[PDB]
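Under the UniProt record's numbering, the residues of the first sequence are numbered 72 to 100, 117 to 125, 139 to 146, in order.
We put the beta carbon where it would ideally sit given N, CA and C, even for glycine.
Report on the structure given below.
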Amino acid sequence: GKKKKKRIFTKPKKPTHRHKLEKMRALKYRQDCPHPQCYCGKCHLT
RNA sequence: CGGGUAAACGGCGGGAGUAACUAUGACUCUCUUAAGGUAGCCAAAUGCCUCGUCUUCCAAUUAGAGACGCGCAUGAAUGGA
RNA sequence: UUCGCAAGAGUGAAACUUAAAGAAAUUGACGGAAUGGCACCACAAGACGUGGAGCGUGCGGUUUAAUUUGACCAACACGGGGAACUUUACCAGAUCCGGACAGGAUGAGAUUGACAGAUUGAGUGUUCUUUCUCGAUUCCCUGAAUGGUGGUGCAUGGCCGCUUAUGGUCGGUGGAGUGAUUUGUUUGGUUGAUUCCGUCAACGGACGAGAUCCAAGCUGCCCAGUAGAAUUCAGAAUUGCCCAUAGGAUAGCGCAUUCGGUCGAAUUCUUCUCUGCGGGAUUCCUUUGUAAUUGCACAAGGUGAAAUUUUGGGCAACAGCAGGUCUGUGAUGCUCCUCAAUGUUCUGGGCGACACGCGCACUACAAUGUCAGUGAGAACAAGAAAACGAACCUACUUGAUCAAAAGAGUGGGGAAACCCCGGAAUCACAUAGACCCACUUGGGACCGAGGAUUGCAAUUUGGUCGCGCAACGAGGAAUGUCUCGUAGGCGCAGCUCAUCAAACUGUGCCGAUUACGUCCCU
RNA sequence: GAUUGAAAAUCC
RNA sequence: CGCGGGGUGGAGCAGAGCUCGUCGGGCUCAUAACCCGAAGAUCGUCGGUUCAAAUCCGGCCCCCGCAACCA
RNA sequence: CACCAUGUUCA
Ligand SMILES: [K+]
Ligand SMILES: [K+]
Ligand SMILES: [K+]
Ligand SMILES: [K+]
Ligand SMILES: [Mg+2]
Ligand SMILES: [Mg+2]
Ligand SMILES: [Mg+2]
Ligand SMILES: [Mg+2]
Ligand SMILES: [Mg+2]
Ligand SMILES: [Mg+2]
Ligand SMILES: [Mg+2]
Ligand SMILES: [Mg+2]
Ligand SMILES: [Mg+2]
């Protein structure tokens with residue numbers, strides 16, 4: 072069958088991405120997205 | 001020239017491989033003869049090697065006996081046992 | 001120990017070994033036993049092969065990172081298995097969770113996604129730097145869950161193959177047995193047939209066989225504006241004396257033939273065609289046949305479109321098989337993996353790599369041929385699209401003031417309407433055509449240069465010019481299939497399918513030899 | 001290792 | 001010591017030949033038997049001589065022998 | 001009346 076013979080890795084284990092927490096980011100802030124529906141995170145507009 | 005006859009005189013093979021450990025080899029090839037030694041028997045008054053090897057006999061055995069047998073070169077009225 | 005010349009005879013243990021050894025019946029199975037049948041998956045008589053060559057494909061080895069795997073008569077163009085990606089199950093990587101749900105640790109920052117720069121094979125937030133954006137959807141770890149073309153077809157379902165193409169199979173009640181078991185289900189004839197007839201310790205049944213069924217013939221009703229015909233009125237074309245190159249043969253002797261564009265009108269009809277139900281064949285009829293000496297039948301001939309299961313199919317009892325399939329499935333039991341996954345996606349490679357062996361194909365070895373013309377001619381079929389047409393198939397034109405392969409345009413067809421009057425290839429030709437017995441204008445293996453086209457991808461597939469000096473001149477031992485519209489030859493369609501049939505499932509075309517037997521072989 | 005239903009054998 | 005003899009496909013053997021073996025394909029459910037095919041020895045060795053050498057002739061190197069005597 | 005041998009162990 073598909074034996075789990077395991078695998079040797081030539082690279083380090085890439086970490087799981089974690090969202091950066093900006094406590095009270097609203098207090099810190117600023118340009119409003121010009122895009123009608125919307139760097140602008142919503143439209144990725146640079 | 002063609003037959004017969006060995007209780008006529010006499011004669012009576014070699015090499016190579018092979019079993020689920022290893023040996024050795026039932027087995028198989030191959031060369032060969034007139035026939036390739038049968039039954040027996042043996043280091044025998046017959047064996048070179050040889051004071052063969054094992055057992056037995058002695059404190060000690062190139063001796064004796066019983067085995068064994070690749071028998072220089074045992075063997076059937078050249079009579080064998 | 002006794003006896004014997006001997007050979008031996010008489011007497012006669014044990015140690016140790018071992019779960020059976022035997023005996024008679026029954027049912028199978030087997031026989032280089034007998035008997036009667038039967039089958040070109042057997043043979044006889046044949047016919048076309050195969051095995052020899054090139055090439056396609058499958059299988060095995062060899063190799064490889066991986067060259068995924070099943071299967072070994074009844075595996076080997078089989079898995080509908082013609083794999084560019086996908087498929088794909090294999091290999092080198094890289095994503096996602098598609099871990100529901102419950103309990104924790106969080107938390108209106110739980111979270112989600114990201115531009116750029118580099119990470120990388122990746123103008124892959126994949127992860128990072130970096131800030132944005134999303135918002136209770138999700139994270140975290142604990143059990144759990146889930147998926148798997150993971151395993152095991154020797155755990156199974158279902159299906160298929162095979163036994164097993166033949167005539168087989170099983171109760172009941174009665175009879176016979178101590179019983180397993182037997183009789184019915186017997187033998188004789190008959191038959192493809194456990195098909196009938198006769199017989200009968202059986203008598204009644206049930207299933208297979210046959211019947212039914214679906215196509216091919218022949219025919220009745222129906223039927224046509226998705227099928228045809230024949231007339232009649234026009235419109236037209238040829239029109240007579242006509243003798244090839246050398247020009248044979250082969251009907252014609254009120255009213256000469258032609259013209260699916262002449263897109264002609266009119267009228268009538270169903271010869272062909274369409275097709276739902278009908279019919280038709282039953283050994284029916286006939287032998288101073290065979291048989292019978294009741295029968296059941298049979299052989300010839302007749303009649304007929306068809307004359308014996310009319311023909312080709314389908315269906316097919318009862319037992320089996322550790323046959324195949326856990327790679328068809330939300331068929332599954334038990335197991336294995338499960339978040340750097342045996343899940344899932346994406347990228348690159350493999351499934352097609354070669355010295356070889358084998359199965360099955362396709363093309364050859366030329367003259368009953370090969371080129372190059374002309375002619376006449378089938379059938380089976382398939383066609384376009386979700387949450388107004390467009391994809392699909394076509395004809396015709398053009399490209400064309402100039403190869404093919406293309407590429408355009410314009411129409412038509414949802415398919416008895418278009419394709420289509422379906423110009424299939426075998427085939428024909430008195431074509432006064434080329435070649436002339438050679439591996440050659442036979443044969444195309446294999447390779448070079450250009451260009452097209454399918455496709456996301458061609459490092460696919462046509463077409464053109466080279467190459468041919470690749471074998472191969474008919475194939476040893478062997479060995480397949482086949483009896484009439486058959487073998488063989490020849491095309492065509494469907495299918496898989498973006499592209500690609502030496503495959504298969506159908507279909508028409510042209511059309512033989514032989515046998516009409518037999519148990520030698522199997 | 002393959003093989004097998006397990007072994008043996010064989011190859012590997 | 002002398003005196004001889006003989007050295008060849010993997011094997012046993014001729015003078016490359018034969019037999020067996022080997023390898024490929026049949027035949028078999030398979031194996032053997034069998035059938036059809038393929039390969040495998042410049043011949044102890046070396047040198048000379050010969051057109052040319054397994055051969056001829058030497059020299060070696062083995063094997064096998066046969067003799068190896070006579071108060 | 002030519003020849004015509006054999007099938008590892010359990011299951
Ligand atoms: K006595
Ligand atoms: K006695
Ligand atoms: K024989
Ligand atoms: K034996
Ligand atoms: Mg003797
Ligand atoms: Mg002696
Ligand atoms: Mg003494
Ligand atoms: Mg003595
Ligand atoms: Mg002696
Ligand atoms: Mg003597
Ligand atoms: Mg299996
Ligand atoms: Mg099985
Ligand atoms: Mg196929």
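Please look up how many angstroms separate the CB atoms of residue i and residue j, rounded, as I've assumed it's under 8 Å.
i, j, result
"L92", "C120", "No, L92 and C120 are not in contact; Cβ-Cβ is about 22 Å, not under 8 Å."
Please report the straight-line C-alpha distance between residue i and residue j, rounded to a whole angstrom.
i, j, result
"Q118", "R89", "26 Å"
"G141", "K74", "45 Å"
"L98", "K77", "50 Å"
"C125", "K82", "39 Å"
"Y100", "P123", "21 Å"
"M95", "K85", "30 Å"
"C143", "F80", "38 Å"
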